[PDB]
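In this analysis, Cβ positions are derived from the backbone assuming ideal geometry, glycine residues included, and neighbour counts consider all displayed protein chains. Numbers and lists here come from the model and the stated rules, or from a named source; no laboratory read-out is quoted.
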Amino acid sequence: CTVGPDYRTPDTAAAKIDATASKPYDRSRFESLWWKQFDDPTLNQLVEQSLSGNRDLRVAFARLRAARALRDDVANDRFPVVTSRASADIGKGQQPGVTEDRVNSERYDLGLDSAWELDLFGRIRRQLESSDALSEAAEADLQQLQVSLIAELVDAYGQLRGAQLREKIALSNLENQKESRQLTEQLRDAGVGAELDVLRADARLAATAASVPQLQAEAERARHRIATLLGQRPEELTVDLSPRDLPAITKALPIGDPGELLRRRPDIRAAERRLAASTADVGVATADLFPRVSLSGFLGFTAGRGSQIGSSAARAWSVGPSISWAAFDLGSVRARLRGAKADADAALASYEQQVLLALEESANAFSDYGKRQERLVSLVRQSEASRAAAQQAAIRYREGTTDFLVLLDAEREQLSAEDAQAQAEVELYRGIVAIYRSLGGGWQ
Amino acid sequence: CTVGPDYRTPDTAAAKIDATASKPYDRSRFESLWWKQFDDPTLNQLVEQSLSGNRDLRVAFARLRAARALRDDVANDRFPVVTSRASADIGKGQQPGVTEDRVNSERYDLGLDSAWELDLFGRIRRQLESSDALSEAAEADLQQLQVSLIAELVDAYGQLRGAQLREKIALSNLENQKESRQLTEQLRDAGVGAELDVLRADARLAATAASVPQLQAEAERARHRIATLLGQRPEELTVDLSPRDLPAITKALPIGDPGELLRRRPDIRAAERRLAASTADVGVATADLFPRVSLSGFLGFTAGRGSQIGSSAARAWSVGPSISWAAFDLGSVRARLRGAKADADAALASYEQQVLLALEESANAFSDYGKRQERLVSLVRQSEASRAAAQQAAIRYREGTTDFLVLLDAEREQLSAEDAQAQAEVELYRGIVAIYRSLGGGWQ
Amino acid sequence: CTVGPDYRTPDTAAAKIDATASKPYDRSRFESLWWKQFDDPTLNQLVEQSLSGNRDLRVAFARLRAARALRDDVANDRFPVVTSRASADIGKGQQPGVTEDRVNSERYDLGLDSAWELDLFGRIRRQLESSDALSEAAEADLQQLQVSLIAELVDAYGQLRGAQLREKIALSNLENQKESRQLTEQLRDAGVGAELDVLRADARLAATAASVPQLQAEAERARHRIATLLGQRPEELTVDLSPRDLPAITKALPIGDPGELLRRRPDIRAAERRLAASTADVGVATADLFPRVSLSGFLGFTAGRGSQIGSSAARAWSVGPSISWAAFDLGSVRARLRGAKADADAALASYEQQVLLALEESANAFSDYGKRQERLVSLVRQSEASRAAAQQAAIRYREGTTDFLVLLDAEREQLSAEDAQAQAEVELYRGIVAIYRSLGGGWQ
C-alpha cells in the first residue's frame, strides 16, 4: 500500500506573448547559447571561464551532491538495519518475583542485531519520493543560477563597453570644446570678442572633463564585477578587456515559441519539484493514520559465562515482530496531517507565484526591447541634427555672425545627444540579456 | 507548578510625531480602508481582486494554518498517549541466571500501551504557551503582508498614472515643437531665417520624441507589476487601465492619533509575539532543572501460548510510574538555559529594532509629505511662468524680433517644468501611500 | 583516536592592490578608529553612542552567547550522564517461560542511572571542535556587523552634511536669482526691457525654490536613519546635528599594508570558521564508520517490597558495557559521509567567494576614490569659471549690453556647477568610508 494523494503536475497554460509575432523576433528556432550571437569572442571566453571558476556555481553543485546524499540515506530505510554488538550485564541485587536474597547476575552477548520497519502503508516510500523531488529541485537551482550568472556576466560586460564608449564620446566632445575654447581665446586677444565667452567656454570644458573619471570609475567597477563572476581576483583577470565596440545583433532574435518558456525555465521546475516533495510529505503524514509493522531480531551467542561465547552450547537467536496502531492519539497524527496539507498548499501558491513572476519578467523584457528600439531611432536623429547644428554655429561664431551662447548651447546639446544615444544602445543590449534570461537560456 | 519567568508585554511609549498637529492632517479619525479616499473605483477593484488572487498572501495564510497545526500537536502532549499493539518474542538460547541449557522462549502480547509525562513543573504548558505565541505571530505576518501588498499595489497604480500623465505632457510639448519646427522651416524658405534654426528645432523635436517610448515602457512595467500583485497573468488582466487622471485627496488626511500606530502595526505585534514565544522557551529550559514524572502502562493480554490471547486466563495489566532528576547533569541543562535566555534577549532587541524602524518609516513618511507639498507649490509656479515665457518667445520669434535660441530654450524649460511637476504630483501620491503603510492600515 | 581530516587553514595569498603605492595613501600605519581623522567630535559621539544603543548589535551579541551555550552543552557529552530515579513496576499477568498462572509482579527501584558514550574514535571531540568553530564564527559576525554599522553611520552622517551644504548653495543661488529677477523687473518698469525676461527669471527662481524642500527632505531622512542606528527614536536624538561643514582629511589616508586586509576583515574570518566547522563535521560522519562503545550503570536499591528500599538488604548495582558496529548499514553511514564532504566543499567555495567579494569591494573603493579626486579638481574649476561668468553677464545685463538669456544661462550653469561640486565632495567622503569598510576597520 501507498496512502495519501498521488502527485499530479499542475496543468498550467503556456505563456502567450502577442508581441512575439512582431518583426524583431524569430520564433522558428531558439539559441541555448544565446550570447554567441553577438559574435564577440572575448565575451565567449568570459562565459566559458565563468562556468569553470565561479564559486557560487561551485557552491550550488555541492548542495546538489548533498541533496543526493540525503536521498541515498532515505533510500536505505526500506531495508532491515543489521548491526553487530558485544555486550555484558553484570550486577548484584534482589530479583523481584524470584528471591529477596541479593544475588549475582551475569549475562554476555555477541551477535547481529537487526531492526526493520516494513513499509506496509508507504511511509518510507513517500519519504524517498519526497527526497528524490528535493534532489531534483537542487539540480534545477544549479541550472537557474547558471542562467542568472550568465545574464549577470553578459549584462556587466555590456556596461563595461558602454562606459568605454561614453568615455571616448566625452573625450571627443572635449576636443571640440578645447578647439572652441581656443577660438574664443583668439577672438578676445584680437580685440573683437569678450572674456565672458572664454569663461563660459572654460566652464563647459571643465564639466565635460569631470565626466571622464566618472565613466572610468564605472568601467573599473564593471571589470571588478566581471572578475568575481569568473572566480578570479581583480589583479589576476586572464581576459583582456581593452576597449572594443559594443556588440549588436543585426539578425532577428532567435527566441523560439514563447509558450515553451515555462517548461525551459529551471526556477519553475524547482518550484514544481518542491510542490511534488510537499505532496509526497502529505503521504508520509497520512501513513501515520495506519498501523506500523516492525520486526527486530538477534542472531549470535548468549551465556552466563564468558568462556562459552562463540561456542555452539551458547548459540542464540531471537525474533520480535510487532504491529502498533495509534488507537486514541490520532489527534496528534491528524494535527501533523493538517500541517502537511497546509505546507502543500503553500508550495502550490509558491509555485504559482514563480509562474507569475516568470511571465512578468518575460512580459517586461519584450515590452522594453520594443520600446528601446523605437527610442533609439529618434535618439540617432537627435545626434545627427546636433552634430550638424554644432558645426554650423561653429562656422557662424568664427565669422563673428552670431554670439557664443549659440555655439555653447549647440556643443552642450551635441554632447548630451551622443551620450544619451550611447546609453540607449547599452540599454538595447541589456534588454536582449533580459529577454534570454526570462526565457531560461544558457543552462543546456 | 509552572517555573521560569511569566511573560510581561514590553512597556513601550507611544509614538510622538509633532508634525501631526499641522493642517494637512486629521487626527480625530483614521480610515482603515485608506485607499478609498482617492475616490477611484478602478483602484478599489484592484485592491479587492488583489486580496482574492495574490499568491504571496495565499502562501502566508497556509503558513498560519501550519503554525496552528503545530500548536494543536503540542496541545496534545498534556494527555497520556495510548496506542494499541500486538507483538511476539520467540527465540531459543540460554537463560543467564536460570539455566545453561539452550531453551525455547515464547511470549505473545495484545493490548493498549500508554505513556504520559505529568507536566508537574509546566514544561509542556510552556511549550504550548510558546507555540500559541508563534501561531499568533504567523497571523500578524499575514496581516503585515497585507499592509505591504496594498501599499505596493496602490503605489504601483500611481506610477502607472504618472507615466500616462507624463506621456501626454511629452506628446503635447512635442506638438508645440512641431509647430515651432514648421515655423523655422517656413522662415528659411522665405529667405529671412537660417538652417541652423531648423537643425536645432529638429534635434529638440527628436529628444522629446525619445522620451515617449521610455514613458510607455515604464507604464507597461507598472501594468505587469499590478497583474502579478492581483494574481493574474499580464495578458489576462481583468481591470481596464486606460489613461485616467492621477488620484488626489482634497480633504485633510484621516491619520488618527499617531500614538496608536505601534499598536496598529502587525509587524510590531509579530515581533512582540516572538518575544513572548522566546520568553516561554526560557520556562521550558527552566523546567529541566526540576524532576520529570512519567507513567507508563499496559492493558490487555499476555501468554506463552498464542491460542490463549484474548482469553481471561491470559489477561494482563501493568503500571510503571517513574520520577527522574538530573542529579549531576545540570551542566547541560544550565547550558541550554543560558541559550534560552540569550534567545530571549535577542528576541527583545529584535522587537526594539522593529519599533525603531517603524518610528523611522513613520517619521520619514510625514517629513517627506510636508516637504513634497511645499515643493509642489513652487513647481506649479514654474510651469505657469514657463508656459507664459514659451508663448511670448513664440510670438517674438514669428515677428523676427528675437533669435530662435530664445524660443528653443523657452520650449526646453516648459517641458522640464511640466514634467518635473508631474513627477512631484506622483511623489505626493506615493507619500500618502508611504504614510498609511507606516501607520499599519488596510489589514482590518 | 580521532578519525577524519584534520583542518588546515586555506593558504590564501594576500591582497595586492598596486594603486596603494600612490600619493593619497599612507601604508606605514593603519587607524582602527579610522573615522576620528575627520576631527569631527559630533561624529565621534554618534559612533560611541551607536556602539551602546544599536539593537542589531545587541541582537548579534546575544547570538554569540547562544552559540557559546550550545558549545558548552556539546562539551559535556564527553562525560558520563548520571541522573537519579525512583520508579516502580506493578502488574498482574502470566510469566511466559515461568508459569501460565496469572501472578502478581512488584518491583521498586531507587538509585543513580548512568549513561556514557566513550569517545573512542573522536565523534564527540569532532562535535566540540565544530561547535567551537561556530562559536568563533558568531563572534566574527558580531565584529563584521560592527564594521558595517560604523560605515553605514559615518556614510549617513556625510549625506546629512551634503544635504545641508547643498541646501545653503540653493538658498545662496536663490538670492542671486531674486536680485536678478528684481533687476529684470526694474528694466521693464523703466520702459527699456521686456516681460519675457521677467517670466523666465520667475520660472528659474521657482525651479531653484523647488530644490530646497527636497534637499531638506533628504536631510531629515538621514537624521531618521542616524537615530535608528544609534538605538534612539527620531524625536529623542541626543546629538545636536545643526549644520556644520563636511569633514575632510588633508593628510594621506592611513591604510596600512593592503595585504593585511583579508586577515583583518571579520567576514573572511567567519567564513573560514564555518569552513573549519564543516571540516570537523566530516570527522563526526567518519567516526560512524567505526565501532561505538558505551557504558551504562545503576547504583542504588532494588526490591520486591517497598519498605525495603533504602535498606542494605535491598542494595543493588549494575554495569552494562556495550560495543556496536554497523556491520552492513555502512550504506547509510557512507551516505551521510558523502553529504558531510559536500557541505565541506560548499563551505570552501563559500569561503573563496567571500575572499573574492572582499577583494572586489576593496578594488572598487580605491579605484573610485582615485577617480573621485580627479573629478573634483575639474569640478572646482567649473564652479570658479561659472561664478566669474555669472557676475560678468550680470554686469553686462545691467548696462543693457547683452540680452537676459546670457545671464539666465550663466545663473543656471553656476547653480549646477556648485551643486555638482557639493555632490562630488560628498562622494569623496563616502569613498573614504567605503575604503575603511573594505579594509575591515572599527571592530578593534
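Which one is surrounded by the most Cβ atoms within 10 Å (Cβ to Cβ) among residues in the stretch B:99-121 that are more than 11 Å from every other protein chain (Cβ to nearest Cβ) and out of contact with any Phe, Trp or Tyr (no Cβ under 9 Å at 6 or more places or on another chain)?
B:119
Quickly run through the stretch C:396-423 and pick out the residues that are buried (at least 21 other Cβ atoms within 10 Å of the Cβ) and among the small types (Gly, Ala, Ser).
Selection gives C:410, C:417, C:422.
Look at residue C:273 and say whether it is basic (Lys, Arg), under 30 Å from residue A:138 (Cβ atoms) and assigned to a helix (DSSP H, G or I). So that I can check it myself, show each step before the final result.
Details: basic (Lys, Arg): yes; under 30 Å from residue A:138 (Cβ atoms): yes; assigned to a helix (DSSP H, G or I): yes.
Against the criterion (basic (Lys, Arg), under 30 Å from residue A:138 (Cβ atoms) and assigned to a helix (DSSP H, G or I)), residue C:273 qualifies.
Tell me which residues, restricted to the stretch B:286-304, are among the hydroxyl-bearing types (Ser, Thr, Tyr) and in contact with a strand residue (DSSP E or B) (Cβ under 6 Å, 6 or more places away or on another chain).
B:294, B:296, B:302
Please determine whether any residue of the stretch A:71-83 is hydrophobic (A, V, I, L, M, F, W, C), touching a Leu at 6+ places or on another chain (Cβ under 9 Å) and either part of a helix (DSSP H, G or I) or crowded, with 20+ Cβ neighbours inside 10 Å (or both).
yes
So the check is Cβ under 8 Å with 6+ separation or different chains; which pairs have a first residue in the stretch C:219-238 that's in contact (Cβ under 8 Å) with a residue 12 or more places away in the chain and more than 15 Å from residue C:50 (Cβ to Cβ) and a second one that's surrounded by fewer than 22 Cβ atoms within 10 Å (Cβ to Cβ) and not hydrophobic (A, V, I, L, M, F, W, C)?
C:219/C:167
Looking at the stretch A:13-32 only, could you name the residues that are surrounded by 15 or more Cβ atoms within 10 Å (Cβ to Cβ) and either without any contact (Cβ under 8 Å) to a residue 24 or more places away in the chain or in contact with a strand residue (DSSP E or B) (Cβ under 8 Å, 6 or more places away or on another chain) (or both)?
Residues satisfying the conditions are A:20, A:24, A:25, A:26, A:27, A:30, A:31.
Scan B:290, B:328, B:298 and give me the residue that is within 9 Å of another protein chain (Cβ to nearest Cβ), touching a residue at least 12 places away in the same chain (Cβ under 8 Å) and not in a helix (DSSP H, G or I).
B:298
Given (1) in the same structural domain as residue A:440 (by CATH); (2) touching a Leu at 6+ places or on another chain (Cβ under 7 Å), identify the lone condition not met by residue A:357.
It fails just one condition, (2).
For residue C:429, are the conditions met, namely being within 30 Å of residue A:225 (Cα to Cα), part of a helix (DSSP H, G or I) and of a type in the set (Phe, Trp, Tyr)?
Yes; evaluated as a whole, the condition is true for this residue.
Among the residues of the stretch B:25-49, what is the count of those that are among the polar types (S, T, N, Q), touching a helix residue (DSSP H, G or I) at 6+ places or on another chain (Cβ under 7 Å) and under 21 Å from residue B:431 (Cβ atoms)?
1
Out of the stretch C:386-411, which residues are at the interface with chain A (Cβ under 10 Å from one of its Cβ atoms), basic (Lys, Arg) and within 16 Å of residue C:182 (Cα to Cα)?
Within the stretch C:386-411, just C:396 meets the criteria.
Any chance the stretch A:237-251 includes a residue that's surrounded by fewer than 19 Cβ atoms within 10 Å (Cβ to Cβ), in contact with a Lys or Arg (Cβ under 8 Å, 6 or more places away or on another chain) and over 30 Å from residue C:378 (Cα atoms)?
Yes.
Could you list all residues from the stretch C:353-384 that are free of Cβ contacts under 8 Å to residues at least 12 places away in the same chain and among the aliphatic types (A, V, I, L, M)?
C:356, C:357, C:377 - these are the residues of the stretch C:353-384 that are free of Cβ contacts under 8 Å to residues at least 12 places away in the same chain and among the aliphatic types (A, V, I, L, M).
Restricting attention to the stretch B:226-239, does a residue exist that is within 14 Å of chain A (Cβ to nearest Cβ) and touching an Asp or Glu at 6+ places or on another chain (Cβ under 6 Å)? Spell out the reasoning first.
Taking the stretch B:226-239 as the starting set, the residues that turn out to be within 14 Å of chain A (Cβ to nearest Cβ) are B:226-237.
Adding the requirement that they be touching an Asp or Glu at 6+ places or on another chain (Cβ under 6 Å) leaves B:228.
For the stretch B:226-239, residues within 14 Å of chain A (Cβ to nearest Cβ) and touching an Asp or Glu at 6+ places or on another chain (Cβ under 6 Å): present.
Anything in the stretch C:348-371 that is within 25 Å of residue A:212 (Cα to Cα) and either of a type in the set (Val, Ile, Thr) or more than 7 Å from chain A (Cβ to nearest Cβ) (or both)? List them, or say none.
Passing the criteria: C:361, C:362, C:365, C:366, C:369, C:370.
Among the residues that make up the stretch A:141-150, is at least one of them in a helix (DSSP H, G or I), touching a residue at least 60 places away in the same chain (Cβ under 8 Å) and either over 30 Å from residue A:55 (Cβ atoms) or touching a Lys or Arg at 6+ places or on another chain (Cβ under 6 Å) (or both)?
No.
Which of the numbered conditions does residue C:408 fail, given that it passes all the others? Conditions: (1) in the same structural domain as residue C:201 (by CATH); (2) within 48 Å of the chain's Cα centre (by Cα).
Result: residue C:408 fails condition (2) only.
What about residue B:200, is it farther than 30 Å from residue B:157 by Cα, more than 25 Å from the chain's Cα centre (by Cα) and buried (at least 17 other Cβ atoms within 10 Å of the Cβ)?
Criteria met by residue B:200.
What single numbered condition from (1) assigned to a helix (DSSP H, G or I); (2) small (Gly, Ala, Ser); (3) farther than 30 Å from residue A:139 by Cβ fails to hold for residue A:434?
The number of the failed condition is (3).
In the stretch B:81-109, which residues are basic (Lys, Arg) and either under 12 Å from residue A:317 (Cβ atoms) or outside the structural domain of residue B:294 (by CATH) (or both)?
Answer for the stretch B:81-109, where residues must be basic (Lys, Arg) and either under 12 Å from residue A:317 (Cβ atoms) or outside the structural domain of residue B:294 (by CATH) (or both): B:92, B:102.
Checking residue B:267 against (1) part of a helix (DSSP H, G or I); (2) more than 30 Å from residue B:157 (Cβ to Cβ), which test does it fail?
With (1) part of a helix (DSSP H, G or I); (2) more than 30 Å from residue B:157 (Cβ to Cβ) applied to residue B:267, the lone miss is (2).
Every residue in the stretch C:301-325 that is in a loop (DSSP other than H, G, I, E, B) and more than 7 Å from chain A (Cβ to nearest Cβ), please.
C:305, C:309, C:310, C:311
Take the residues of the stretch C:146-193 that are hydroxyl-bearing (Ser, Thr, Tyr) and closer than 30 Å to residue C:400 by Cβ: which is surrounded by the fewest Cβ atoms within 10 Å (Cβ to Cβ)?
C:172
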